[PDB]
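Next comes just one chain, in structure tokens: the form deposited in one PDB entry.
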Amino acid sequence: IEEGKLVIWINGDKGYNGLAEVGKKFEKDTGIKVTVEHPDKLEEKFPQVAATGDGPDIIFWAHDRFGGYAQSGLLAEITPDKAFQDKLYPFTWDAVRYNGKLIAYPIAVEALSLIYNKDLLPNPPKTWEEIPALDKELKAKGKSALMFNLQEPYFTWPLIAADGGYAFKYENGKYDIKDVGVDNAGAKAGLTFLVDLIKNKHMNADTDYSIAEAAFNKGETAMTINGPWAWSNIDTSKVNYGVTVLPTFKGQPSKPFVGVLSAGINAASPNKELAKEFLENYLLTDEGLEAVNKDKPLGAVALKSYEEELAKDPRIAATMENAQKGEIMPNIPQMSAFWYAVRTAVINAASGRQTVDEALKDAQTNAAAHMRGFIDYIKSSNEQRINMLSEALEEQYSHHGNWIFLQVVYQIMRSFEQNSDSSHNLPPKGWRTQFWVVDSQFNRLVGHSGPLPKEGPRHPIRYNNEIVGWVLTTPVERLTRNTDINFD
């Protein structure tokens, strides 16, 4: 990666020419070359090419889960002073704080909102509990109160989590993946209120995305639940709609899944200070965001300065309000199966096929069984890797006869695997346990350079009739001390 320019990546569907103009200004002032690119599949490519020479200095990615790139060691810790942190809303900084350290700049924000038809309903309910009253009044008109995709936990979990439902318990800046909270009181409370509405002939349990939209946009229902991608299609259909806060349940606010456009600084960039200068003094400014927004709207943005202007569009003002109290979901691989547990439960409780209490117990134990399996894999493919690093270093010693030859440790692994025709996959980036190599007197030959673990797995290398060194790794649970994940 070259020093003295900025290479920037942004998705081809975000506003890349608008951003490229913020690049020209910075290049006008500083004489620093700024190149804005939009590769295909950039979210996939970024972890693969980050360290190498084709890595970008800044990546803009739209995301929905949180902590993935940070946990892989891919992002530099950004360093705004307290003056700058105040130019931006406080919850958006927690979307980008990973294990205490800030790792990216919030740009834009997104969430689900309550949409409604102003004509059928000029006053939208502020609460969920008042809604089935709403429903009888307008059933009388040949209309329905509310219709939204019930098939997907994305839409139903804001209710189920308002009163205390949670995916993983978050205490001490860590997520505890053993402590699942999909079968607690708040969970049952929210899910029950959901099933009642269907039993009490106020919602239809087979309502999905395509039903609830087709209705709302042809008048036949007064409220829908959807995100900003919907708006531009009611606008075609002469419903006079509004967008506002999702109803509270038991007084608590609804917790939809927050989505963020972020800018992070490549941990390998030699241009981190250049990058900080461009993002804080050129992009995260009204003139800067206005410039990408003109290319492709950002929706709600985290720069208070600009948000106050943009919220002179109360839909954009509703997006922001629904996100301040929403969910920041951690990035764990294969969560789709986790939400599949929750999805079949919600489908069954509303089916009547199960009671709320006993679908949510099936959820809690399935979900928990998926996490157990996942960690059994994280655990096995780390063991595979270290047994392999061990067998390799054994044969390397049996050639040289000393530790003279010992980032050469990766070549030794690659070479040993190639020579054995061995094809196995490393564990997901960010879920790999550390390792060290030490001679027989426990002097550090090769090591991720922290003070070695006092105890833990360790494999002897042997020559002669003696032990010449050890390969020291770590149990999977000590991935706590570097991540936002807790295995207890």
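Between two forms, the rigid core is defined as the largest C-alpha subset superposing within 1.5 Å. Note that residue numbering begins at 1 and tracks the sequence as displayed.
Quick note: we don't show the form deposited in another entry, though the next part is all about it.
Visitor: Superposing the core, which one of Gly288, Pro330, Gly299, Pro106 shows a C-alpha shift reaching 2 Å or more between the shown form and the other one?
Guide: The listed residue whose C-alpha shifts by at least 2 Å is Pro330.
Visitor: Does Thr474 move its CA by 2 angstroms or more between the shown form and the other one when the core is aligned?
Guide: Where the cores coincide, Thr474 still shows a C-alpha shift between the shown form and the other one that is 2 Å or more.
Visitor: For a quick test of reading the superposition: does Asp64 move by 2 Å or more at the CA between the shown form and the other one, rigid core aligned?
Guide: For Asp64, whose C-alpha is compared between the shown form and the other one after core superposition, the shift is 2 Å or more.
Visitor: When you overlay the rigid core, is the Cα of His38 off by 2 Å or more between the shown form and the other one?
Guide: No, shifts by less than 2 Å.
Visitor: Tell me whether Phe66 and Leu303 end up closer or farther apart in that other deposited form, going by their C-alpha atoms; the shift is 3 Å or more.
Guide: It is farther: the C-alpha separation of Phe66 and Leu303 rises by at least 3 Å in that other deposited form.
Visitor: Looking in that other deposited form, are the Cα atoms of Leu261 and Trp431 closer together or farther apart than here, the change being 3 Å or more?
Guide: Farther apart in that other deposited form, by 3 Å or more.
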